[PDB]
file protein20.cif (mmCIF, C-alpha atoms)
data_start
loop_
_atom_site.label_atom_id
_atom_site.label_comp_id
_atom_site.auth_asym_id
_atom_site.auth_seq_id
_atom_site.Cartn_x
_atom_site.Cartn_y
_atom_site.Cartn_z
CA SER A 1 17.73 -35.47 -18.41
CA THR A 2 19.31 -38.70 -17.18
CA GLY A 3 18.92 -41.25 -14.41
CA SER A 4 21.23 -43.78 -12.77
CA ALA A 5 20.24 -46.47 -10.26
CA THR A 6 22.06 -49.39 -8.69
CA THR A 7 20.56 -52.85 -9.19
CA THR A 8 21.25 -55.55 -6.60
CA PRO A 9 20.96 -59.36 -6.78
CA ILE A 10 18.13 -60.68 -4.63
CA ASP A 11 20.13 -63.73 -3.48
CA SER A 12 23.51 -65.45 -3.68
CA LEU A 13 22.70 -67.02 -7.09
CA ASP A 14 21.73 -63.83 -8.94
CA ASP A 15 18.23 -65.24 -9.45
CA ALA A 16 16.97 -61.71 -10.15
CA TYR A 17 17.97 -58.10 -9.57
CA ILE A 18 16.06 -55.36 -7.72
CA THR A 19 16.29 -51.62 -8.30
CA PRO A 20 14.75 -48.98 -5.98
CA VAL A 21 11.95 -46.91 -7.54
CA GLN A 22 10.24 -43.86 -6.00
CA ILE A 23 6.46 -43.80 -6.54
CA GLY A 24 4.07 -41.04 -5.48
CA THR A 25 4.21 -37.95 -3.29
CA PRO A 26 5.72 -38.20 -0.73
CA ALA A 27 7.85 -40.93 -2.32
CA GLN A 28 7.15 -44.57 -1.56
CA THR A 29 10.26 -46.55 -2.47
CA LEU A 30 9.66 -50.06 -3.84
CA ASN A 31 12.29 -52.51 -5.08
CA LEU A 32 11.27 -53.53 -8.59
CA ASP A 33 12.54 -56.15 -11.02
CA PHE A 34 13.46 -54.28 -14.21
CA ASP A 35 12.33 -56.56 -17.05
CA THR A 36 13.28 -55.91 -20.68
CA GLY A 37 11.00 -58.83 -21.63
CA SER A 38 7.71 -57.24 -20.55
CA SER A 39 5.98 -53.88 -20.63
CA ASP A 40 3.92 -53.40 -17.44
CA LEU A 41 4.99 -51.48 -14.35
CA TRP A 42 3.07 -53.29 -11.61
CA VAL A 43 3.42 -53.24 -7.83
CA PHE A 44 2.30 -54.96 -4.69
CA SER A 45 -0.16 -52.56 -3.13
CA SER A 46 -2.67 -51.80 -0.41
CA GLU A 47 -5.18 -53.44 -2.80
CA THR A 48 -3.35 -56.78 -3.00
CA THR A 49 -5.23 -59.69 -1.39
CA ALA A 50 -3.78 -59.81 2.12
CA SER A 51 -2.98 -63.54 2.08
CA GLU A 52 -0.89 -63.00 -1.08
CA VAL A 53 1.44 -60.44 0.55
CA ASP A 54 4.33 -61.96 2.55
CA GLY A 55 6.99 -59.35 3.36
CA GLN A 56 6.87 -57.16 0.25
CA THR A 57 6.74 -53.39 0.50
CA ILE A 58 3.42 -52.07 -0.82
CA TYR A 59 2.32 -48.97 -2.73
CA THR A 60 -0.62 -47.23 -1.06
CA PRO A 61 -2.12 -44.82 -3.61
CA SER A 62 -4.40 -43.19 -1.02
CA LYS A 63 -1.25 -41.82 0.70
CA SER A 64 0.09 -40.24 -2.52
CA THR A 65 -1.21 -36.75 -3.28
CA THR A 66 -0.31 -37.19 -6.97
CA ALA A 67 -2.02 -40.57 -7.50
CA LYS A 68 -5.13 -40.64 -9.70
CA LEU A 69 -7.23 -43.71 -10.47
CA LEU A 70 -7.19 -44.43 -14.21
CA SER A 71 -10.92 -44.94 -14.47
CA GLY A 72 -12.01 -48.26 -15.95
CA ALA A 73 -8.49 -49.54 -16.57
CA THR A 74 -7.52 -53.10 -15.64
CA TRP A 75 -4.49 -55.27 -16.31
CA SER A 76 -3.65 -58.96 -16.30
CA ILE A 77 -0.37 -60.62 -17.24
CA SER A 78 1.07 -64.12 -17.52
CA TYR A 79 4.83 -64.55 -17.74
CA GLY A 80 6.88 -67.19 -19.53
CA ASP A 81 7.54 -69.02 -16.24
CA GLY A 82 3.82 -69.52 -15.57
CA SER A 83 3.46 -66.75 -12.99
CA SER A 84 0.77 -64.06 -13.26
CA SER A 85 -0.79 -61.00 -11.65
CA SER A 86 -3.71 -58.61 -12.24
CA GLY A 87 -5.39 -55.49 -10.89
CA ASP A 88 -6.37 -51.88 -11.56
CA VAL A 89 -4.34 -48.83 -12.56
CA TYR A 90 -3.30 -45.46 -11.15
CA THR A 91 -1.25 -42.71 -12.70
CA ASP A 92 1.43 -41.22 -10.45
CA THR A 93 4.91 -39.73 -10.40
CA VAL A 94 7.65 -42.34 -10.78
CA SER A 95 11.37 -41.65 -10.39
CA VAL A 96 14.33 -43.95 -11.09
CA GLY A 97 17.79 -42.85 -10.10
CA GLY A 98 16.90 -39.16 -10.32
CA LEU A 99 14.87 -39.39 -13.55
CA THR A 100 11.21 -38.44 -13.04
CA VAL A 101 8.14 -39.27 -15.13
CA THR A 102 4.81 -37.68 -14.25
CA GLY A 103 1.60 -39.46 -15.17
CA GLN A 104 3.19 -42.92 -15.31
CA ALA A 105 0.72 -45.80 -15.29
CA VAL A 106 1.32 -47.72 -12.04
CA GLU A 107 -0.54 -51.04 -12.19
CA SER A 108 -1.73 -51.94 -8.70
CA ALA A 109 -1.99 -55.68 -8.04
CA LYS A 110 -5.21 -57.07 -6.65
CA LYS A 111 -3.99 -60.65 -7.20
CA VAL A 112 -0.53 -62.17 -7.65
CA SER A 113 0.47 -65.78 -8.23
CA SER A 114 2.21 -67.81 -5.55
CA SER A 115 5.73 -67.38 -6.94
CA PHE A 116 5.46 -63.62 -6.40
CA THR A 117 4.04 -64.00 -2.89
CA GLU A 118 6.84 -66.41 -2.02
CA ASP A 119 9.56 -63.94 -3.06
CA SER A 120 9.62 -61.28 -0.36
CA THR A 121 12.45 -59.33 -2.05
CA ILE A 122 10.57 -58.27 -5.21
CA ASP A 123 7.88 -55.59 -4.79
CA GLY A 124 6.83 -55.54 -8.45
CA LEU A 125 8.13 -55.31 -12.01
CA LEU A 126 9.16 -52.40 -14.21
CA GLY A 127 8.79 -53.41 -17.84
CA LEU A 128 11.24 -52.15 -20.44
CA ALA A 129 10.10 -54.02 -23.59
CA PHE A 130 8.05 -52.19 -26.19
CA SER A 131 4.77 -50.60 -25.17
CA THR A 132 2.84 -52.72 -27.69
CA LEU A 133 3.04 -55.54 -25.08
CA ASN A 134 1.47 -53.50 -22.25
CA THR A 135 -1.59 -55.33 -20.93
CA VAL A 136 -3.69 -52.38 -19.69
CA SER A 137 -7.24 -52.45 -21.06
CA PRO A 138 -9.12 -50.75 -22.63
CA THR A 139 -6.40 -48.11 -23.18
CA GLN A 140 -2.88 -49.53 -23.48
CA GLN A 141 -0.30 -47.61 -21.45
CA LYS A 142 3.31 -46.62 -22.09
CA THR A 143 6.38 -47.95 -20.32
CA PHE A 144 8.51 -45.79 -18.05
CA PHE A 145 11.19 -45.59 -20.76
CA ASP A 146 8.65 -44.66 -23.44
CA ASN A 147 7.31 -41.83 -21.26
CA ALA A 148 10.81 -40.59 -20.39
CA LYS A 149 12.37 -40.97 -23.84
CA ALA A 150 11.69 -37.51 -25.26
CA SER A 151 13.19 -35.83 -22.17
CA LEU A 152 16.35 -37.95 -22.08
CA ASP A 153 19.64 -36.57 -23.35
CA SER A 154 19.79 -39.64 -25.64
CA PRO A 155 16.88 -42.11 -26.14
CA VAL A 156 18.67 -45.07 -24.57
CA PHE A 157 19.01 -47.09 -21.41
CA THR A 158 21.82 -49.44 -20.43
CA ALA A 159 21.96 -52.59 -18.33
CA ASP A 160 25.19 -53.42 -16.48
CA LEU A 161 24.32 -56.41 -14.31
CA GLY A 162 26.87 -57.73 -11.83
CA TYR A 163 28.02 -61.29 -11.19
CA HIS A 164 27.40 -61.88 -7.49
CA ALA A 165 27.55 -58.11 -7.08
CA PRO A 166 25.50 -54.95 -7.67
CA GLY A 167 25.32 -53.31 -11.07
CA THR A 168 23.69 -50.30 -12.70
CA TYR A 169 20.78 -49.25 -14.90
CA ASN A 170 21.37 -45.91 -16.62
CA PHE A 171 18.82 -43.86 -18.57
CA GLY A 172 19.69 -41.26 -21.18
CA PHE A 173 23.46 -41.69 -21.45
CA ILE A 174 26.25 -44.15 -22.16
CA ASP A 175 28.83 -44.40 -19.36
CA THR A 176 31.99 -44.87 -21.42
CA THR A 177 33.92 -45.87 -18.27
CA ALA A 178 31.68 -48.91 -17.67
CA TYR A 179 32.96 -51.19 -20.45
CA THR A 180 36.15 -52.19 -22.25
CA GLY A 181 36.79 -52.00 -25.98
CA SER A 182 33.94 -50.86 -28.21
CA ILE A 183 30.19 -51.41 -28.24
CA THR A 184 28.99 -53.52 -31.17
CA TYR A 185 25.48 -52.63 -32.28
CA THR A 186 23.12 -55.12 -33.90
CA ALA A 187 19.69 -54.91 -35.49
CA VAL A 188 16.45 -55.33 -33.52
CA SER A 189 13.05 -56.58 -34.63
CA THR A 190 10.14 -55.15 -32.64
CA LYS A 191 7.56 -57.34 -34.40
CA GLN A 192 6.93 -59.43 -31.25
CA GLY A 193 7.30 -56.48 -28.84
CA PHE A 194 10.71 -57.64 -27.56
CA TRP A 195 14.33 -56.54 -27.93
CA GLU A 196 14.75 -59.33 -30.47
CA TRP A 197 18.07 -59.74 -32.26
CA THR A 198 20.18 -62.39 -34.03
CA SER A 199 23.41 -63.66 -32.50
CA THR A 200 26.05 -64.71 -35.03
CA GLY A 201 27.06 -67.95 -33.27
CA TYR A 202 28.73 -69.54 -30.29
CA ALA A 203 31.74 -71.36 -28.86
CA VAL A 204 32.09 -73.76 -25.93
CA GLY A 205 35.16 -73.18 -23.76
CA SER A 206 38.31 -72.91 -25.88
CA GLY A 207 36.58 -74.60 -28.81
CA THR A 208 36.14 -73.24 -32.30
CA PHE A 209 33.47 -70.64 -32.96
CA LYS A 210 30.41 -71.98 -34.80
CA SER A 211 28.90 -69.42 -37.15
CA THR A 212 25.12 -69.79 -37.04
CA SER A 213 22.24 -67.35 -36.66
CA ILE A 214 20.45 -67.57 -33.30
CA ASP A 215 17.39 -65.32 -33.02
CA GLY A 216 16.51 -64.44 -29.45
CA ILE A 217 15.51 -61.72 -27.01
CA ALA A 218 17.56 -59.67 -24.55
CA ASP A 219 15.58 -60.26 -21.34
CA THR A 220 16.78 -58.89 -17.99
CA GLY A 221 13.74 -60.49 -16.30
CA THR A 222 14.81 -64.06 -17.11
CA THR A 223 17.55 -65.61 -14.98
CA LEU A 224 19.06 -68.15 -17.38
CA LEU A 225 20.27 -68.45 -20.97
CA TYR A 226 17.82 -70.44 -23.12
CA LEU A 227 19.17 -71.64 -26.48
CA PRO A 228 18.40 -74.31 -29.12
CA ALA A 229 18.76 -77.91 -27.98
CA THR A 230 21.69 -78.53 -30.37
CA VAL A 231 23.69 -75.68 -28.82
CA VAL A 232 22.85 -76.64 -25.24
CA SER A 233 23.77 -80.29 -25.87
CA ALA A 234 27.13 -79.20 -27.28
CA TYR A 235 27.81 -77.15 -24.13
CA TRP A 236 26.89 -79.79 -21.55
CA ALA A 237 28.73 -82.54 -23.47
CA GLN A 238 31.92 -80.81 -22.27
CA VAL A 239 30.97 -81.32 -18.59
CA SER A 240 31.63 -84.84 -17.30
CA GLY A 241 28.51 -86.28 -15.73
CA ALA A 242 26.14 -83.56 -16.95
CA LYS A 243 22.76 -84.72 -18.20
CA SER A 244 19.26 -83.49 -18.92
CA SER A 245 16.91 -84.52 -16.12
CA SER A 246 13.21 -84.60 -16.94
CA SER A 247 12.39 -84.80 -13.23
CA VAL A 248 14.44 -81.74 -12.28
CA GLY A 249 13.43 -79.84 -15.42
CA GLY A 250 16.69 -79.31 -17.29
CA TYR A 251 20.40 -79.94 -17.40
CA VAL A 252 22.13 -80.76 -14.12
CA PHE A 253 25.80 -81.40 -13.46
CA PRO A 254 28.01 -82.64 -10.62
CA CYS A 255 28.69 -79.83 -8.19
CA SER A 256 32.37 -80.91 -8.23
CA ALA A 257 32.71 -79.99 -11.92
CA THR A 258 34.58 -76.98 -13.28
CA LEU A 259 32.37 -75.45 -15.97
CA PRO A 260 33.68 -74.20 -19.33
CA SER A 261 32.94 -70.73 -20.58
CA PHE A 262 30.34 -70.04 -23.27
CA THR A 263 30.88 -67.42 -25.99
CA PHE A 264 28.14 -65.80 -28.06
CA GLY A 265 28.58 -63.66 -31.16
CA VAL A 266 27.35 -60.11 -31.66
CA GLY A 267 28.22 -59.31 -35.24
CA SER A 268 31.95 -59.91 -35.48
CA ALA A 269 32.39 -59.33 -31.73
CA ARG A 270 32.34 -61.99 -29.01
CA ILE A 271 30.96 -61.94 -25.46
CA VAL A 272 32.47 -64.54 -23.13
CA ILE A 273 30.35 -65.90 -20.27
CA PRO A 274 32.74 -67.36 -17.65
CA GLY A 275 31.96 -70.90 -16.55
CA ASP A 276 31.25 -69.74 -12.98
CA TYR A 277 28.29 -67.70 -14.26
CA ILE A 278 26.64 -70.95 -15.45
CA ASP A 279 26.54 -72.57 -11.96
CA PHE A 280 23.15 -72.19 -10.26
CA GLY A 281 24.02 -74.41 -7.33
CA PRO A 282 22.50 -77.47 -5.72
CA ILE A 283 19.09 -78.54 -7.00
CA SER A 284 17.98 -78.84 -3.36
CA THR A 285 19.82 -78.02 -0.15
CA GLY A 286 22.72 -80.39 0.42
CA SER A 287 22.54 -82.07 -2.99
CA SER A 288 25.68 -82.71 -5.03
CA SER A 289 23.68 -82.24 -8.24
CA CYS A 290 23.80 -78.63 -9.44
CA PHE A 291 21.47 -76.79 -11.82
CA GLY A 292 22.86 -75.47 -15.08
CA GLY A 293 22.58 -71.87 -16.26
CA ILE A 294 22.30 -72.76 -19.95
CA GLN A 295 19.08 -74.60 -20.78
CA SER A 296 17.14 -75.61 -23.86
CA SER A 297 14.55 -73.24 -25.34
CA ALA A 298 12.83 -76.07 -27.22
CA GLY A 299 9.73 -75.82 -25.02
CA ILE A 300 9.56 -72.00 -25.00
CA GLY A 301 9.21 -71.05 -28.66
CA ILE A 302 11.92 -68.37 -28.49
CA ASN A 303 15.56 -68.18 -27.46
CA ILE A 304 16.21 -65.98 -24.42
CA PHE A 305 19.44 -64.12 -23.62
CA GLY A 306 18.67 -63.79 -19.92
CA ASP A 307 20.79 -62.57 -17.03
CA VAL A 308 23.42 -65.33 -17.42
CA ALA A 309 24.32 -63.84 -20.79
CA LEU A 310 23.57 -60.17 -20.15
CA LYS A 311 25.64 -59.88 -16.98
CA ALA A 312 28.73 -60.80 -19.04
CA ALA A 313 28.24 -57.57 -21.02
CA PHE A 314 27.47 -53.89 -20.93
CA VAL A 315 24.20 -53.75 -22.87
CA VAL A 316 22.75 -50.72 -24.66
CA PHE A 317 19.00 -50.65 -25.36
CA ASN A 318 18.85 -47.97 -28.07
CA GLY A 319 15.29 -46.66 -28.39
CA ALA A 320 15.88 -44.46 -31.42
CA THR A 321 13.25 -44.42 -34.17
CA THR A 322 14.81 -47.64 -35.45
CA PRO A 323 15.86 -49.43 -32.24
CA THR A 324 19.13 -51.35 -31.97
CA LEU A 325 21.00 -53.25 -29.27
CA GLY A 326 24.64 -52.77 -28.31
CA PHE A 327 26.96 -55.16 -26.50
CA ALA A 328 30.43 -54.52 -25.05
CA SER A 329 32.71 -56.59 -22.90
CA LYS A 330 33.48 -55.23 -19.44
#
call {"tool": "encode", "arguments": {"input": "protein20.cif", "output": "structure tokens"}}
result
Amino acid sequence: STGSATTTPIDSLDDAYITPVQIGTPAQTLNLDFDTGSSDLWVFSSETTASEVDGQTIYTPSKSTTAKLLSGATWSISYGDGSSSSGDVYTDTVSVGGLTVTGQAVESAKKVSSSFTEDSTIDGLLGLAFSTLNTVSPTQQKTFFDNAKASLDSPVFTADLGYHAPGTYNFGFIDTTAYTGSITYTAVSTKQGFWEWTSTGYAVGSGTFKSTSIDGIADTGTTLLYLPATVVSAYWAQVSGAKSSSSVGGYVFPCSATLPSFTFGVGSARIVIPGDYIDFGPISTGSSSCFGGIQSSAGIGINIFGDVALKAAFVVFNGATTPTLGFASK
């Protein structure tokens, strides 16, 4: 089997992408944030504290004839940005782009943190990291991809995120029309539960490529590109007037600047992030200070190849017995 679904930016900055997901019988369609950095499929629901719902579409398990309470199961998650959510668990039928999993754990939110409430466009998350990170207790549950894998034509999914435009998540096949050149595959460590890999280096604009190993994760659920402070300093040094602002929380730059590209290495191949992709716009409405899309990971503990990087590529998440990642230009 295969599936194919369009993913759409939630706003004009590509802060996140939403993909429609059918849950239950009859289908209830929710727009979920597909997140290769986590492993829970959780939704706003009829059980969510009413004051914490503000415009999201909700899953109502009592209206699904295929929903079954997973007795005794609870979940609770905290994300790298400080947000969180928790609740109980149903199993139900879940379909993405024509690909159907029966008995998928659907984690129903009883509580969500304010950042989720405040974002009316995101109805939940669909985790695509490794199932060892799933938070369901006392019986850990499998991700949608893990449940679907055996049925797929090939045990893979691909992320093709657009710049200021829709893109595509495919399951079970490589669309060879969706990229240019070849796909370069690189080794993955699953020891932390992430799609963790080692980039071979970087370049700033037209500058020389610096060969250096940069371990990080491919994370569709993180907006920006988070890299070591040395690398980030070298990038922003090429932008007149750019500086790290402790009060804003990262590098800012004059909105009148033209940003240089940033290149990262995948083996001997190179992915070029155009400068435009690094502009996240005014820090507040009407400001002439703009927020940068490349930021230091020094306070995180891990480097993160988020959407800024991933949307410059066609990315293959190969879930074979020994997983690998693939990157191609597009």
call {"tool": "residues_around", "arguments": {"input": "protein20.cif", "residues": "range 149-166 of chain A", "least_positions_apart": "3", "cutoff": "6 Å", "atoms": "all atoms listed in the file", "output": "list in words"}}
result
residues 1, 2, 7, 8, 145, 146, 169, 170, 171, 172, 173, 311, 314, 315, 316, 317, 318, 319 and 320 of chain A
call {"tool": "closest_residue", "arguments": {"input": "protein20.cif", "among": "A:183, A:310, A:283, A:232", "to": "residue 247 in chain A", "atoms": "only C-alpha atoms"}}
result
A:283
call {"tool": "atom_distance", "arguments": {"input": "protein20.cif", "atom1": "CA of residue 267 in chain A", "atom2": "CA of residue 209 in chain A"}}
result
12.7 Å
call {"tool": "residues_around", "arguments": {"input": "protein20.cif", "residues": "range 295-300 of chain A", "least_positions_apart": "3", "cutoff": "8 Å", "atoms": "all atoms listed in the file", "output": "count of residues only"}}
result
13
call {"tool": "atom_distance", "arguments": {"input": "protein20.cif", "atom1": "CA of residue 40 in chain A", "atom2": "CA of residue 104 in chain A"}}
result
10.7 Å
call {"tool": "closest_residue", "arguments": {"input": "protein20.cif", "among": "A:138, A:281, A:9, A:221", "to": "residue 70 in chain A", "atoms": "only C-alpha atoms"}}
result
A:138
call {"tool": "resolve_selection", "arguments": {"input": "protein20.cif", "expression": "the PyMOL selection byres ((chain A and resi 72) around 9)", "output": "MDAnalysis selection string"}}
result
chainID A and resid 69:71 73:74 88:89 137:138
call {"tool": "closest_residue", "arguments": {"input": "protein20.cif", "among": "A:125, A:23, A:237, A:43", "to": "residue 109 in chain A", "atoms": "all atoms listed in the file"}}
result
A:43
call {"tool": "residues_near_point", "arguments": {"input": "protein20.cif", "point": "(28.1, -69.5, -37.0)", "cutoff": "8 Å", "atoms": "only C-alpha atoms", "output": "number ranges by chain"}}
result
A: 200-202, 209-213
call {"tool": "resolve_selection", "arguments": {"input": "protein20.cif", "expression": "the PyMOL selection byres ((chain A and resi 52) around 12)", "output": "PyMOL selection string"}}
result
chain A and resi 44-51+53-56+58+85+109-120
call {"tool": "closest_residue", "arguments": {"input": "protein20.cif", "among": "A:249, A:323, A:181, A:24", "to": "residue 196 in chain A", "atoms": "all atoms listed in the file"}}
result
A:323
call {"tool": "resolve_selection", "arguments": {"input": "protein20.cif", "expression": "the PyMOL selection byres ((chain A and resi 240) around 8)", "output": "VMD selection string"}}
result
chain A and resid 237 to 239 241 to 242 253 to 254 257
call {"tool": "closest_residue", "arguments": {"input": "protein20.cif", "among": "A:261, A:321, A:39, A:86", "to": "residue 128 in chain A", "atoms": "all atoms listed in the file"}}
result
A:39
call {"tool": "closest_residue", "arguments": {"input": "protein20.cif", "among": "A:268, A:190, A:102, A:12", "to": "residue 327 in chain A", "atoms": "only C-alpha atoms"}}
result
A:268
call {"tool": "atom_distance", "arguments": {"input": "protein20.cif", "atom1": "CA of residue 264 in chain A", "atom2": "CA of residue 305 in chain A"}}
result
9.9 Å
call {"tool": "residues_near_point", "arguments": {"input": "protein20.cif", "point": "(20.0, -84.5, -4.4)", "cutoff": "12 Å", "atoms": "all atoms listed in the file", "output": "compact mmCIF listing (two decimals) with C-alpha atoms, in the coordinates of the input"}}
result
# COMPACT_ATOMS: atom_id res chain seq x y z
CA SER A 247 12.39 -84.80 -13.23
CA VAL A 248 14.44 -81.74 -12.28
CA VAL A 252 22.13 -80.76 -14.12
CA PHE A 253 25.80 -81.40 -13.46
CA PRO A 254 28.01 -82.64 -10.62
CA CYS A 255 28.69 -79.83 -8.19
CA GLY A 281 24.02 -74.41 -7.33
CA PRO A 282 22.50 -77.47 -5.72
CA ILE A 283 19.09 -78.54 -7.00
CA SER A 284 17.98 -78.84 -3.36
CA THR A 285 19.82 -78.02 -0.15
CA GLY A 286 22.72 -80.39 0.42
CA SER A 287 22.54 -82.07 -2.99
CA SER A 288 25.68 -82.71 -5.03
CA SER A 289 23.68 -82.24 -8.24
CA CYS A 290 23.80 -78.63 -9.44
CA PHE A 291 21.47 -76.79 -11.82
call {"tool": "residues_around", "arguments": {"input": "protein20.cif", "residues": "residue 18 in chain A", "least_positions_apart": "4", "cutoff": "8 Å", "atoms": "only C-alpha atoms", "output": "list in words"}}
result
residues 7, 8, 9, 10, 31, 32, 33, 34, 121 and 122 of chain A
call {"tool": "residues_around", "arguments": {"input": "protein20.cif", "residues": "range 269-275 of chain A", "least_positions_apart": "2", "cutoff": "8 Å", "atoms": "only C-alpha atoms", "output": "compact mmCIF listing (two decimals) with C-alpha atoms, keeping the file's coordinate frame"}}
result
# COMPACT_ATOMS: atom_id res chain seq x y z
CA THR A 184 28.99 -53.52 -31.17
CA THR A 258 34.58 -76.98 -13.28
CA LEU A 259 32.37 -75.45 -15.97
CA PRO A 260 33.68 -74.20 -19.33
CA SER A 261 32.94 -70.73 -20.58
CA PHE A 262 30.34 -70.04 -23.27
CA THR A 263 30.88 -67.42 -25.99
CA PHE A 264 28.14 -65.80 -28.06
CA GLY A 265 28.58 -63.66 -31.16
CA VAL A 266 27.35 -60.11 -31.66
CA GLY A 267 28.22 -59.31 -35.24
CA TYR A 277 28.29 -67.70 -14.26
CA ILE A 278 26.64 -70.95 -15.45
CA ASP A 279 26.54 -72.57 -11.96
CA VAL A 308 23.42 -65.33 -17.42
CA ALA A 309 24.32 -63.84 -20.79
CA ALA A 312 28.73 -60.80 -19.04
CA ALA A 313 28.24 -57.57 -21.02
CA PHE A 327 26.96 -55.16 -26.50
CA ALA A 328 30.43 -54.52 -25.05
CA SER A 329 32.71 -56.59 -22.90
